[PDB]
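Chemist: my complex, first installment, coordinates as in the assembly:
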Amino acid sequence: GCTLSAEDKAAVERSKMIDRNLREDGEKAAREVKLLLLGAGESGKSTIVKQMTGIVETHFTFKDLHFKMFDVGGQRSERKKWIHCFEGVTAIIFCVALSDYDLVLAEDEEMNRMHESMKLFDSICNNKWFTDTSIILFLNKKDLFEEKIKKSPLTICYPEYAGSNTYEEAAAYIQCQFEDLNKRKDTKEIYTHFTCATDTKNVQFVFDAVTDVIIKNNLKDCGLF
Amino acid sequence: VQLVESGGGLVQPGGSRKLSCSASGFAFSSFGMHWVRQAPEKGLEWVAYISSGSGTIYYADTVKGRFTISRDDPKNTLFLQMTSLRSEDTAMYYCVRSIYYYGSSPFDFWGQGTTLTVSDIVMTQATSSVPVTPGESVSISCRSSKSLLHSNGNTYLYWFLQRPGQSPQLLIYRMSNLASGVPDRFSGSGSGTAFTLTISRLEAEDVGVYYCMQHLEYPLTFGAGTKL
């Protein structure tokens, strides 16, 4: 700062003000939760986003916490070329419809729809960019589930299934089937939830799960975990 | 872009006053500001300077201890509080915006003026009048005490132009760069301590006084100027 001209000193001061503004902006942007919302076609994301062109961003505020929901449903492209852009999200909200027994894909009627969602869940849970991001698994439309199960046996989707054909026993089986796809049982935690179309506790469940994730991360980077 | 000034008028000696400049049409919070006066002697004299974020304030050695410069960003105002106004403080104060980054023009836009009547590198410029009929090239010369060429390659010389009845405006910054909106008829050159400004085709819009200024270090000193 001894051989600098007056204009050089003024430029350095301007740069320092720029750094101050950048630091304030980055501190304001690190106090907000970022949730990446995934799912399959007609899974129930429309109800999920209501109950709480590229990327669709959604703002939410619960208690003193701010949430940024990154819907990526409308961007049909090669997923592996841009999915790493979302590395570092707080959580991945994965929505699955429980009414996917008698429903089949329009492009291929011979293929079941539940397995189509299991393939996406396996691909995104075992991805090399999300080896430490927790997954909040929502199971939507449990009101149509309790009336479809009585007329259409669940054994059509699972030839190896063996149990009572009721809601409270099939829900546990489907939850375990979805949760068994996690090959990282120690770094990632799945927070399964059974929800209907007219439930108002989804945002509180999301808040509880994200507070747990925040607690675990703070214990991890402080060295205690 | 506009800077409108107020707070002038006749004041008895020994009193005090405040000059206020209001900025309208640009990001005032990112511009450093200067107060530059001009006595009826037609010699511009830099008075004060306040930085962009108000983190740096400079004064001319003549006015230290009596003048206070302060900026307010939310309402876009600039204040000069003047205490113990001596008889040598009769002038027409101008406010100048100024921005400093790589490749900018630090004296592009000037204010309009506030009359105030109370009841160092030296710049030697060629002459006081150059009577030349329109159509021919005109050359003006300016010299400094020591060299203005810094070690980084920049030479901090500025050429201005004040028309009769108007405020000055930037013609050339750093001896070779032409300002925005200035026709390419003007050009500047030189080296070391000797600098020249040449106009290829003088017209009726080039009549006025020309000033050479240094920005190597504070305080900033203006040349006497030559009338055309």
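Modeler: Happy to help now that I have it. Numbers count the residues shown, from 1 in each chain, chains lettered A, B, ... in the order given.
Chemist: Provide the secondary structure category for residue A:61.
Modeler: strand (DSSP: H, G, I helix; E, B strand; the rest coil).
Chemist: What of residue A:102?
Modeler: Residue A:102 - assigned by three-state DSSP - is coil.
Chemist: Once you drop chain neighbours, what's closest to it?
Modeler: Distance criterion CB to CB, 6 or more residues apart in numbering or on different chains; nearest residue to residue A:102, sequence neighbours excluded, is residue A:152 at 5.2 Å. In this view, the C-beta of every residue, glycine as well, is placed from N, C-alpha and C.
Chemist: Look at the one you found and say how many residues are nearby.
Modeler: When neighbours are defined as other CB atoms under 10 Å in any protein chain shown, residue A:152 has 14 of them.
Chemist: What of the one 10 residues further on?
Modeler: Counted by other CB under 10 Å, the residues lying close to residue A:162 total 8.
Chemist: And it, how far from residue A:206?
Modeler: According to CB to CB, to the nearest Å, residue A:162 stands 34 Å off from residue A:206.
Chemist: residues of the helix or strand containing residue A:213 that come out buried?
Modeler: In this structure, residue A:213 is located in helix A:202-221 according to DSSP states H and E. For helix A:202-221, burial by neighbour count (16 or more other CB atoms under 10 Å in any protein chain shown) applies to A:202, A:206, A:207, A:209, A:210, A:213.
Chemist: now it: how far from the chain's centre is it?
Modeler: 13 Å (CA atoms, centre = their mean, to the nearest Å).
Chemist: which other residues reach that helix?
Modeler: The contact list for helix A:202-221 (CB atoms under 8 Å, 6 or more residues apart in numbering or on different chains) reads A:33, A:35, A:48, A:51-52, A:60, A:62-63, A:65, A:67, A:90-91, A:93, A:134, A:136, A:138, A:189, A:191, A:193, A:195, A:225.
Chemist: 7 Å instead?
Modeler: A:33, A:48, A:51-52, A:62-63, A:65, A:90-91, A:134, A:136, A:191, A:193, A:195, A:225 (CB atoms under 7 Å, 6 or more residues apart in numbering or on different chains).
Chemist: and then chain C:
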Amino acid sequence: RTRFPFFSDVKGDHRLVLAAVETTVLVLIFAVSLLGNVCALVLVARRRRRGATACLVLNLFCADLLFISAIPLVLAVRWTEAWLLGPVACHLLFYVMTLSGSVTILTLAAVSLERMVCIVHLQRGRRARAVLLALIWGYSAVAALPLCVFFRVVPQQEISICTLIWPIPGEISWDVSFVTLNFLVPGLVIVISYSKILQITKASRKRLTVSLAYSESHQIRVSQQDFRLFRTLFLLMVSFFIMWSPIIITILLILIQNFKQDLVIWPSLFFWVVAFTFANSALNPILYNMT
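Modeler: One more chain to add, chain C, which I have set with the ones above:
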């Protein structure tokens, strides 16, 4: 009249073996603590730009270097006898040692409180950390100042020893204040901070259970995970109270020796508590660097 020496032994029972053993263990502690703390500190400095966190742990790492740098004088005196050393260092040696101990304890408490406020107050200043470190160093200097001015060289054949000279009054008024304000306040601070961390973790864990989110064979993982965290916190809880306790009890014993006038404090019994305290300087970079 009869003062208590600190580092001076007759060695009339066994010849030269105690000196060798003390010297070997002392140099082993010197080497291991030096290497462990220097490697921990260089890793912390490397991770300074990437983590960008108010770790505050490096202060403890640099504070242990003062213990390891005051070790060789004590070792040389142990190898020698009669305190064949200059009167100037008698003022500074125990002063820097007490400074090291006090700043280590204070940084332990500060790290615990920082962790508690980090987890309790969910994440999703910088100069405040520096001013707090300066404040704790200054307070440690103020508290340890009496130790550098009250040392005196006295012959005890006559044998020279550097020992403390005190006015009963004043001695207790400083000993009690020092122990209370540097071993019972940091102890309670670390206790309440780690207890609050445990209660927050348990509350979150048992609040997720009400809104059913754990399936079968997944509560096993959270139970095996809620015990691997309690064990780490418990060992951090207990190491502070089993490493800095011998020095406190021996300080109290030295105070009580003046009134009891017994042989409770032996010249050989000392310098082993001090070796155990030096062992904390080598233990510290292991506990607070689990990576």
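Chemist: same question on the contacts of helix A:202-221, but now with chain C added
Modeler: Contacts of helix A:202-221 (CB under 7 Å, 6+ apart): A:33, A:48, A:51-52, A:62-63, A:65, A:90-91, A:134, A:136, A:191, A:193, A:195, A:225, C:53, C:118-119, C:122-124, C:200-201, C:204, C:207-208, C:211, C:213, C:229.
Chemist: Out of the residues you listed, which end up buried?
Modeler: Applying 16+ other CB under 10 Å to these flags A:33, A:48, A:51-52, A:65, A:90-91, A:134, A:136, A:191, A:193, A:195, A:225, C:118-119, C:122, C:124, C:200-201, C:204, C:208, C:213, C:229 as buried.
Chemist: Between helix A:202-221 and the helix or strand containing residue C:190, find me the angle.
Modeler: Assigned by DSSP H and E, residue C:190 falls within helix C:185-208. Computed by axes from the mean of the first three to the mean of the last three CA atoms, to 10 degrees, the angle separating helix C:185-208 from helix A:202-221 equals 140 degrees.
Chemist: So which bits of helix C:185-208 are buried?
Modeler: Buried, per 16+ other CB under 10 Å, within helix C:185-208: C:186-187, C:189-190, C:193-194, C:196-198, C:200-201, C:204-205, C:208.
Chemist: can I get the CA coordinates of it in PDB?
Modeler: Extracted in PDB, the C-alpha atoms of helix C:185-208 (Å, rounded to 0.1, in the frame of the first residue of the first chain):
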ATOM      1  CA  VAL C 185     -16.400 -22.600  36.600                       C
ATOM      2  CA  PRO C 186     -14.900 -24.300  33.500                       C
ATOM      3  CA  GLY C 187     -16.000 -27.600  34.900                       C
ATOM      4  CA  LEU C 188     -19.600 -26.500  35.300                       C
ATOM      5  CA  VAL C 189     -19.500 -24.800  31.900                       C
ATOM      6  CA  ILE C 190     -18.400 -28.000  30.200                       C
ATOM      7  CA  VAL C 191     -20.900 -30.000  32.200                       C
ATOM      8  CA  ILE C 192     -23.900 -27.900  31.300                       C
ATOM      9  CA  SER C 193     -22.900 -27.500  27.700                       C
ATOM     10  CA  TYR C 194     -22.500 -31.200  27.100                       C
ATOM     11  CA  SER C 195     -25.600 -32.000  29.100                       C
ATOM     12  CA  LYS C 196     -27.600 -29.500  26.900                       C
ATOM     13  CA  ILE C 197     -26.200 -31.100  23.700                       C
ATOM     14  CA  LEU C 198     -27.300 -34.500  24.900                       C
ATOM     15  CA  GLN C 199     -30.800 -33.300  25.900                       C
ATOM     16  CA  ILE C 200     -31.300 -31.600  22.500                       C
ATOM     17  CA  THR C 201     -30.300 -34.700  20.600                       C
ATOM     18  CA  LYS C 202     -32.500 -36.900  22.800                       C
ATOM     19  CA  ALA C 203     -35.400 -34.500  22.400                       C
ATOM     20  CA  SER C 204     -35.200 -34.500  18.600                       C
ATOM     21  CA  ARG C 205     -34.800 -38.200  18.500                       C
ATOM     22  CA  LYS C 206     -37.800 -38.800  20.700                       C
ATOM     23  CA  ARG C 207     -39.900 -36.100  18.900                       C
ATOM     24  CA  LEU C 208     -39.400 -37.800  15.600                       C
END
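Chemist: following sequence is chain D, add it:
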Amino acid sequence: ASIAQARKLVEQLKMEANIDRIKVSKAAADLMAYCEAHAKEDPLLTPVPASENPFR
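Modeler: Once chain D is put in with the chains from before, the structure reads:
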């Protein structure tokens, strides 16, 4: 009717096949000549002195 897309692809392939090609030896020689006629003007290849260097 995918006939239009197939015909467009065939037309593109037919257009691309009407381009004359020089031997690879000539292109290699041109690349070598360009790399040898600008050797003195490559600061990264031949390091310049400290005075010349703007980043020193």
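Chemist: Once more for the contacts of helix A:202-221, now including chain D?
Modeler: Applying CB under 7 Å, 6+ apart, the set of residues contacting helix A:202-221 is A:33, A:48, A:51-52, A:62-63, A:65, A:90-91, A:134, A:136, A:191, A:193, A:195, A:225, C:53, C:118-119, C:122-124, C:200-201, C:204, C:207-208, C:211, C:213, C:229.
Chemist: The same query, at a cut-off of 8 Å, please.
Modeler: Here helix A:202-221 has contacts from A:33, A:35, A:48, A:51-52, A:60, A:62-63, A:65, A:67, A:90-91, A:93, A:134, A:136, A:138, A:189, A:191, A:193, A:195, A:225, C:51, C:53, C:118-119, C:122-124, C:200-201, C:204-205, C:207-208, C:211, C:213, C:229, using CB under 8 Å, 6+ apart.
Chemist: Narrow the residues you listed to those in strands?
Modeler: A:33, A:35, A:60, A:62, A:65, A:67, A:91, A:93, A:134, A:136, A:138, A:191, A:193 (DSSP state E).
Chemist: From those, list the ones also adjacent to chain C.
Modeler: A:33, A:65, A:191, A:193 (CB under 8 Å from any CB of the partner chain).
Chemist: Most widely separated two among those residues?
Modeler: A:65 and A:193 (18.4 Å; CB to CB).
Chemist: Kindly reformat the ones next to chain C among the ones in strands among the contacts of helix A:202-221 as JSON lines containing distance to residue B:55.
Modeler: JSON lines is the format used below for these (distance: CB to CB, whole Å):
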{"residue": "A:33", "distance to residue B:55": "35"}
{"residue": "A:65", "distance to residue B:55": "35"}
{"residue": "A:191", "distance to residue B:55": "49"}
{"residue": "A:193", "distance to residue B:55": "52"}
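Chemist: Considering those, which is situated nearest to chain B?
Modeler: residue A:65 (30.4 Å; CB to the nearest CB).
Chemist: so how far is residue C:36 from the nearest residue in space to residue C:114 that is not next to it in sequence?
Modeler: In this structure, residue C:114 finds its nearest non-sequential neighbour in residue C:56, 5.8 Å apart by CB to CB, 6+ apart. Separation of residue C:56 from residue C:36 (CB to CB) stands at 19 Å.
Chemist: where does chain B come near chain A, residue by residue?
Modeler: Counting by CB under 8 Å from any CB, the residues of chain B near chain A are B:30, B:32, B:51-53, B:55-56, B:100-102, B:106, B:150-152, B:154, B:156, B:215-218.
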